[PDB]
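Undergrad: Experimental structure and sequence below.
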Amino acid sequence: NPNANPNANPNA
Amino acid sequence: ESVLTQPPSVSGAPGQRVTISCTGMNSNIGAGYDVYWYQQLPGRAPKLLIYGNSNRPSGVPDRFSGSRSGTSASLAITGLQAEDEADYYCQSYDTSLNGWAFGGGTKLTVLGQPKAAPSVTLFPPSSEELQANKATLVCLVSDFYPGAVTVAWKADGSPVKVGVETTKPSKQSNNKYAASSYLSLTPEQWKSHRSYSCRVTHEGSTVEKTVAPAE
Amino acid sequence: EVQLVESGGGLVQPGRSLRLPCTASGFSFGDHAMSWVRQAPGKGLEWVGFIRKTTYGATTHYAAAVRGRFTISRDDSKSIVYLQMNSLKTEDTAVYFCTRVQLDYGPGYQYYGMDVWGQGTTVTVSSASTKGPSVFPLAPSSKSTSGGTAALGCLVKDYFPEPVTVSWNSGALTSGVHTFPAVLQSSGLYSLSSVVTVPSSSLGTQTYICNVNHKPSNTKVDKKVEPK
């Protein structure tokens, strides 16, 4: 999933 | 050059429905990054309104809903109430800029009273200001509804942008809107033309006032 | 109650630095990433940067517009996140909001919207010096008269910084008064106007005085506005 990208998602 | 765009404004009548589009790209919404929506009431900080494309925080009512498809997303607001007037922002991560992008915001007006045409007054420089070696023309607009308005200046009929500053419409104490615009000149510039005008356009009708230095 | 309180804002000259603390209360601060967003006057939201939780190293990520000049750090022992702003520019003028990144779980990942926002702190970057306004009358005439009413006003010109306040007739005249927001000129100085619509039959019998107060310069001006 793209929303696990750490640049996008600081929780990942 | 923006990667997420929104209409500058939307309006609807009380009780009706509006949609606010968030137009994105293959580098953001189209890549599957989720969309978040925020509501910013006048003079307040933003509040999270929709998260993860379509989820409402527990306290946000189901009059607000979010959807996506391909490269765009949409916020729908039903049962419009006066209290819904606010600026709405969409957000999504963008791979090409490597950060969280925001759309430009959409101002929602809930049309709660009839259309009202603006009153316009154009003031020439005062004698006091001319004695201080300055010359400001002041175009004041009041009592219009709704808030969209265009103010344009001309000097001897030629469009003027240098020296112009204009306020965004401000709500009046009687719930209509007002706006102000200024043309700042030197006294020599002021006296070099035979007339100046400010043209105020509101909902397809224009009001133009003129002043002449030789008055 | 969850609360985020930004502090440290104010006026700063271009090239100088400012640090904005945000004090968090009412939630488990150390579990959350935190994020700064700004909004220039009359403009849209712009993301500034985020900082991860300490168990992820409290690493950071910034918008390109501020990278190299702004940094974020956090002090979990005090529940504070800081925005350090160096080499400030006029275009950094904005309200700066501190925000909490949510922890709600989605389908195989955690969501990351900003679920709590502070009220913001205003940062104004300018090289202008304190300057009291010049108050000029906007005199009524036939060119300001339509249908038995006339507009008159005061031009509050060339002051710094904001704000000014305006009343009419020492606050006794409120009906038909509108004081506009200020404009920021290319000179770095602000200007605004205040207008009143009055019966044309009152001109030359009723005195109209605008009262202007600019606390930053300790300036109070009363200006009588007389018909042309």
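TA: Yep, that arrived. Numbering: from 1, shown residues only, chains lettered A, B, ... in the order given.
Undergrad: who touches the closest residue to residue B:133 other than its chain neighbours in this structure?
TA: Nearest-residue entry for residue B:133: residue B:187, 6.2 Å, with adjacent residues in sequence omitted and distances by C-beta to C-beta, 6 or more residues apart in numbering or on different chains. C-beta: built from backbone N, CA, C; applies to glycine. By C-beta atoms under 8 Å, 6 or more residues apart in numbering or on different chains, the contact set of residue B:187 is B:125, B:130, B:133-135.
Undergrad: Equivalent analysis for residue B:210, please.
TA: B:122, B:195-197.
Undergrad: Most neighbours of all the contacts of residue B:187, which one?
TA: With neighbours taken as other C-beta atoms under 10 Å in any protein chain shown, the top of those is residue B:125, carrying 24 neighbours.
Undergrad: Residue B:134 is in contact with that one, correct?
TA: Yes. If you go by C-beta atoms under 8 Å, residue B:125 and residue B:134 touch, sitting 7.4 Å apart.
Undergrad: Give me the contacts around the helix or strand encompassing residue B:120.
TA: Using DSSP states H and E, residue B:120 falls within strand B:119-123. Contact with strand B:119-123 is made by B:137-144, B:196-198, B:200, B:207-211, C:138-139, C:143-144, C:146, C:151, C:153, C:155, C:195, C:197, as judged by C-beta under 8 Å, 6+ apart.
Undergrad: List the strands paired with that strand, with their directions.
TA: strand B:135-144 (antiparallel) (DSSP bridges).
Undergrad: ok, whichever residue of chain A sits closest to chain B - how many residues close by?
TA: For chain A and chain B, the shortest gap (C-beta to the nearest C-beta) falls at residue A:8, measuring 3.7 Å. Residues near residue A:8, counting by other C-beta under 10 Å, number 23.
Undergrad: Next up, phi/psi of it, please.
TA: phi -90, psi -30 (degrees, to the nearest 10).
Undergrad: now residue C:205
TA: phi -120, psi -30.
Undergrad: and chain B, which residues reach chain A?
TA: B:31-34, B:93, B:98-100 (C-beta under 8 Å from any C-beta of the partner chain).
Undergrad: List, out of these, those positioned next to chain C.
TA: Near chain C, by the rule C-beta under 8 Å from any C-beta, you find B:34, B:98-100 out of the residues of chain B next to chain A.
Undergrad: Can you flag which of these belong to strands?
TA: B:99-100 (DSSP state E).
Undergrad: Quick check: the farthest pair among the ones next to chain C among the residues of chain B next to chain A?
TA: Using C-beta to C-beta, those span at most 16.5 Å, a distance reached by B:34 and B:98.
Undergrad: And stretch B:27-42, what's buried?
TA: Residues of stretch B:27-42 classed as buried by neighbour count (16 or more other C-beta atoms under 10 Å in any protein chain shown): B:27-31, B:33-40.
Undergrad: what's the answer for stretch C:10-27, then?
TA: Within stretch C:10-27, the residues scored as buried using 16+ other C-beta under 10 Å are C:11-12, C:18, C:20-24, C:27.
Undergrad: Now the two most distant members of those.
TA: C:11 and C:27 (32.2 Å).
Undergrad: partners of the closest residue to chain A within chain B in the sheet?
TA: Here the residue of chain B nearest chain A is residue B:93; by C-beta to the nearest C-beta that distance is 3.7 Å. Note on residue B:93: beta-bridge partners by DSSP bridges are residue B:100.
Undergrad: mind listing what it touches?
TA: A:5, A:7-9, B:28, B:33, B:99-101.
Undergrad: Next: residue B:50.
TA: Residue B:50 neighbours (C-beta under 8 Å, 6+ apart): B:35-37, B:56, B:60, B:64-66, B:75.
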